[PDB]
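Basis: the model, the stated rules and, where named, an outside source; no laboratory read-out is quoted. All Cβ positions, even for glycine, are placed from backbone atoms using ideal geometry, and neighbour counts span all protein chains on display.
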Amino acid sequence: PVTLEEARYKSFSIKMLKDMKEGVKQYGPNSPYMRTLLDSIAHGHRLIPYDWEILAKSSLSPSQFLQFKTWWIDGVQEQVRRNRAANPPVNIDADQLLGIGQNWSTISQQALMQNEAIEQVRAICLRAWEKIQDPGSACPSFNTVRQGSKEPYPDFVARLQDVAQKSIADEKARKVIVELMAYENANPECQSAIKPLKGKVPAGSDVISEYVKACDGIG
Amino acid sequence: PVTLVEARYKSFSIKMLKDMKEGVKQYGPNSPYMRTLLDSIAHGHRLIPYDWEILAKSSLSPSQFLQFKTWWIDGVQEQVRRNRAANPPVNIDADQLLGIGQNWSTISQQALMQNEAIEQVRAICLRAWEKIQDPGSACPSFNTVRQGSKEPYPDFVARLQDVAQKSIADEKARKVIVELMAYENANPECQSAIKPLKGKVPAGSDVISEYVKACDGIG
Amino acid sequence: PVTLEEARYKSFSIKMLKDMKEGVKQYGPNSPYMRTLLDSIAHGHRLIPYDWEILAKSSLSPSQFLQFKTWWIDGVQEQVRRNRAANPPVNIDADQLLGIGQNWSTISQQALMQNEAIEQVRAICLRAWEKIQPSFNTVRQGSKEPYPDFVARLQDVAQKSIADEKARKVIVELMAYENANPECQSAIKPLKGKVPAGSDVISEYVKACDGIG
Amino acid sequence: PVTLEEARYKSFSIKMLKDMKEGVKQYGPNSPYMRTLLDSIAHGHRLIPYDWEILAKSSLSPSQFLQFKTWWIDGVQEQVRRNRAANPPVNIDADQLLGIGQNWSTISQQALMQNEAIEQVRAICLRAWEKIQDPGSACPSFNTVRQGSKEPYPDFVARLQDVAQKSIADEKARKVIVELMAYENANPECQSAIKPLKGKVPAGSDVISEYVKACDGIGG
Amino acid sequence: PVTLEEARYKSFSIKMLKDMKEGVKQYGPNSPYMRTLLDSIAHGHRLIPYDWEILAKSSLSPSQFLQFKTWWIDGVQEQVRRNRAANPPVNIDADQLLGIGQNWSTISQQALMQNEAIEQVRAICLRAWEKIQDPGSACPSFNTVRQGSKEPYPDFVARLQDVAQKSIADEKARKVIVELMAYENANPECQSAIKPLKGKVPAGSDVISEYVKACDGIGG
């Protein structure tokens, strides 16, 4: 990170990388413990585009690093598209968010980065990180995920919320699809207990909270 | 190792060799955690060849050690060949880059070297470390590695970037070979999905990070 | 145990001493790891033989310590011969190299021992450590075995049961040429006999037998 | 071609069309004889895009003309992109190349081009001629070109170098892939007789020469 | 060629490359007609290694050009020895023959060479051209070529002389090998017709003239 006294760079401690690689190998890079460690490290310091590549190469398996770099590129493409239609078009070009080129390829140039580019790249890398699968499987579709019988109900909502966290871009459009896909793919006998479905939902109480409160008895 | 008007010697800690041995035993000497620890050691110190000898003794298996030593010899052969064709050819002989012979056999001899010999031997040892094979098996050719059905495409490109790092010496030759071997040797299906591509590569992008996006939902 | 412009003695720190015992019990005292770690311990500091006694006694089983002490005695007895015949004869006597006697049995006496004795005793003890403890011909490079793993196994057994370096450095390359896989055995025959500069023979056999997987 | 120094366009004689047509028919349009004829035609004269269209319609199969025109289009497509990214920018655009447009449709319009677009279209059209497919079949990929049994080395390396000439643009990328692939797809006998010489430049020569010098006598 | 009028240099015509390529295509690379035409060029002018490179690459198959370059490379490693093996050694190095290096890699450097160098490159270029193969076979050794049953004996001795023209450097041994192999590998019919005629010179006739004279009428 940097420290601004003006603006010198020091590398990571070794102890942070050690338990970072420990946690990534043990729990998988989307279990929420690592997810809340990562933004804690991100907000507790002041990161640069050179540092994220160091941490990602040091932590993930070699197969996953290409996926992380791919969704980094796909994020910065949409970011540099949306950053030109503003008023004024704010001067943050593409290459400064990747740390390459004739002016941002090394450390001593990148230590002078202003706050707005940091606030870009933090959100872009954090959006990027959760598009990384467990190293055995590929992300399926909503038509495939459907709970059977003899199985507890909230595990189904957990799996469906994980898939909808992966494959949906906007968080409001994420928030809409989940509860109706949870209703539409449940068990038969549980679904009857949810048959009110509307008008038992006042404004303010979160709707996905009430559904499990219906189906807690069936085990 | 060596600090600096006069130069005095120091050794390694016992803990750094301890977790070095632990890491090489657990993860494999080309898994990128060790590969980003080792250059973090190297670029932040001053490594005389005796300390490279200590790091080679104390960490690898018995079978890996002569595998390291042979490619050390075969690298320093070509380096002392290319040193003689310069203008003027720099007077850094063979045995200053191996630590043997009556001129460079003790620590007090080696402590008084120049920066050029250090910055040559660093690149030589780091080049030598990469072609250490895994203690399971030996490296195959290029025509052996082909993904089959029911296999994620980033795993295939991970294995292909792994095999081409050992054989081919230069870097630009690697970054020419890997995408031709990627586009050829793939599964048939998303072969089609990259068939309209090679259309363009925009500014702020490589080429290999497009195929992995285009073959994302196929497994 | 450094001078600092005066002689200053300091003990071993307790973590450095502690890790050595797990290092010995995990692999063994002639494993490559502990041997090179010991060599990197030695050349970085000044090792008064009292500290060598501490580091020896604090890291082995009692039988291995007995073997180390007796081969230390043998080595200093052999070296005090060749410390005489050179001209001028150096005054390096046996009590200076064992920490015993009326003028070498305290820390302040050994704290001013000069460099030539240190460079002698280091080559004594690292020679001593190697010897801490009968069929040969049953080594065969099998089917689909990589060649550099074969030369390591034959490097192992020839160390154990020939017990002389001037002999066993000649038996190996004779045995390395004979006992290989046949399909790469003919790939060595051009390099047979001829030698390049800057290397020995078994460094050059591995050059010509890489992609034979 | 056009000459400036009585400066007008002259249409070349019918015997040039004659031996051009025989040369493209009997040998193939990427045999080295047609290669060394075409550049000796091109450099000693001054060609307009109408002349290239005349010669290409006059001395090819219809399928060859069809394959020629489209890689000509693609060459103009790349040259237009690499035009404007120079400082100061140059006034070379698309319809100045293809011989169409309201300002470049007739012969008297395009006949008055100076010495830059002529060089650019001479750079493009020759590469497009080089990309023209053999009348036999389509250009295959690098893994079905493999020296089987009973086949000699010094035409298998040429069949390799042909496909490495078509599908890769810059020649510094062409060298290393053919130097690598000349070994990996080889028959086992030349493999065994070529692995002692792997990765050594002996004296003042390329690698392919001593490669083919090694396993000469393999035809049994 | 060079005309020597600071000198002058030119490329070839158009017609000469045309019938050169036609002759090497439709008959072979070392058929006698192409052989004497190449001797007529190689003595009637003064050639430069760049011109040899042009006349090679313009008029061979893409296969055979690598073989030409290969024996051109291995023909200079003897001249490097035998230019310093005699006393006094002449000043001819490796890079002057192949036209490469920093001192001989253009026309204006190579335009002013000396006559013994041109003679050495003429000898080594002709000896290079002789060792070129056909289209798609490999030249065998002597122990596999034999006369077939119901085969005309001059064809068999022509194939023997063609094989012995390649694999043996000196031409004096080419006399004494092929006639001794003629009686050896022949058919039993020509053997029975030839056995009284072992080694007899009547008057001024070489031995290969009489064997075909004796085994002429074989029509069974």
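Worth pointing out:
- Flag set for D:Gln110, criterion: farther than 25 Å from D:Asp134 by Cβ and polar (S, T, N, Q).
- Unique residue being away from every other protein chain (no Cβ under 14 Å), surrounded by 11 or more Cβ atoms within 10 Å (Cβ to Cβ) and over 19 Å from the mean Cα position of the chain (by Cα) when the list is C:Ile100, C:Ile124: C:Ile100
- Candidates B:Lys198, B:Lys150, B:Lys213, filtered to the one that is of a type in the set (D, E, K, R) and surrounded by 13 or more Cβ atoms within 10 Å (Cβ to Cβ): B:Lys213
- Qualifying residue in the stretch C:172-186 (condition: assigned to a helix (DSSP H, G or I), outside the structural domain of C:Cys209 (by CATH) and surrounded by fewer than 16 Cβ atoms within 10 Å (Cβ to Cβ)): no
- Near pairs, Cβ below 7 angstrom, 6+ apart or cross-chain, from the stretch B:22-40 (more than 18 Å from B:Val163 (Cα to Cα) and more than 8 Å from chain A (Cβ to nearest Cβ)) to any residue that is hydroxyl-bearing (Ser, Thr, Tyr) and buried (at least 17 other Cβ atoms within 10 Å of the Cβ): B:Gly23/B:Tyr33; B:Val24/B:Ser59
- Residue that is nearest to the other protein chains (Cβ to nearest Cβ) [pool: residues in the stretch B:202-219 that are in contact with a helix residue (DSSP H, G or I) (Cβ under 7 Å, 6 or more places away or on another chain) and in a loop (DSSP other than H, G, I, E, B)]: B:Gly204
- Extreme residue, nearest to D:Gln109 (Cα to Cα), among residues of the stretch D:50-85 that are assigned to a loop (DSSP other than H, G, I, E, B) and small (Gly, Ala, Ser): D:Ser59
Rundown of residues vs (1) aromatic (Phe, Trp, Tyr); (2) buried (at least 18 other Cβ atoms within 10 Å of the Cβ), yes/no style:
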{"residue": "B:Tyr50", "(1), (2)": "yes, yes"}
{"residue": "B:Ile73", "(1), (2)": "no, yes"}
{"residue": "B:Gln79", "(1), (2)": "no, no"}
{"residue": "B:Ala85", "(1), (2)": "no, no"}
{"residue": "B:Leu112", "(1), (2)": "no, no"}
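- Of the residues making up the stretch E:90-105, those that are more than 18 Å from E:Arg46 (Cβ to Cβ) and of a type in the set (S, T, N, Q) are E:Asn91, E:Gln102, E:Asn103, E:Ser105.
- Of all the numbered requirements in (1) surrounded by 17 or more Cβ atoms within 10 Å (Cβ to Cβ); (2) among the polar types (S, T, N, Q); (3) closer than 30 Å to B:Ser61 by Cα, B:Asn143 misses one, and that requirement is (1).
- Note on the stretch E:120-144: residues that are touching a helix residue (DSSP H, G or I) at 6+ places or on another chain (Cβ under 7 Å) and of a type in the set (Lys, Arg) total 2.
- Flag if A:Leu37 is assigned by CATH to the domain that holds A:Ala111 and within 21 Å of B:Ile208 (Cα to Cα): no
- Residue match in the stretch D:163-186 (condition: within 12 Å of another protein chain (Cβ to nearest Cβ), over 23 Å from B:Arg174 (Cβ atoms) and not aromatic (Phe, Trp, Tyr)): no
- Taking the numbered list (1) outside any helix (DSSP H, G or I); (2) within 13 Å of another protein chain (Cβ to nearest Cβ); (3) farther than 13 Å from C:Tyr147 by Cβ in turn, C:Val195 passes all entries but (2).
- Close pairs (7 angstrom Cβ cut-off, 6 or more residues apart or separate chains): assigned by CATH to the domain that holds B:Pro49 in the stretch B:98-121, of a type in the set (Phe, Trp, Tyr) and surrounded by 12 or more Cβ atoms within 10 Å (Cβ to Cβ) anywhere: B:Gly99/B:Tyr50; B:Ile107/B:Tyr9; B:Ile107/B:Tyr50; B:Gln110/B:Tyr50; B:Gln110/B:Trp104; B:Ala111/B:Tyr9
- Within the stretch E:163-220, the only residue that satisfies the criterion of being in contact with a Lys or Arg (Cβ under 7 Å, 6 or more places away or on another chain), exposed (fewer than 15 other Cβ atoms within 10 Å of the Cβ) and not in a helix (DSSP H, G or I) is E:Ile168.
- For the stretch C:142-158, filtering for residues that are of a type in the set (S, T, N, Q) and under 20 Å from the mean Cα position of the chain (by Cα) leaves 1.
- Scanning the stretch E:87-119 for residues that are in contact with a helix residue (DSSP H, G or I) (Cβ under 8 Å, 6 or more places away or on another chain), part of a loop (DSSP other than H, G, I, E, B) and of a type outside the set (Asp, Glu) yields E:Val90, E:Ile92, E:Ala94, E:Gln96, E:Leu97, E:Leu98, E:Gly99, E:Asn103, E:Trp104.
- Any hit, the stretch E:111-132, residues being in contact with a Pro (Cβ under 7 Å, 6 or more places away or on another chain) and either surrounded by 13 or more Cβ atoms within 10 Å (Cβ to Cβ) or under 23 Å from D:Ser205 (Cα atoms) (or both): yes
- Taken over the stretch A:12-21, the criterion of being of a type in the set (A, V, I, L, M), more than 9 Å from chain B (Cβ to nearest Cβ) and more than 18 Å from the chain's Cα centre (by Cα) is satisfied by A:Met16 alone.
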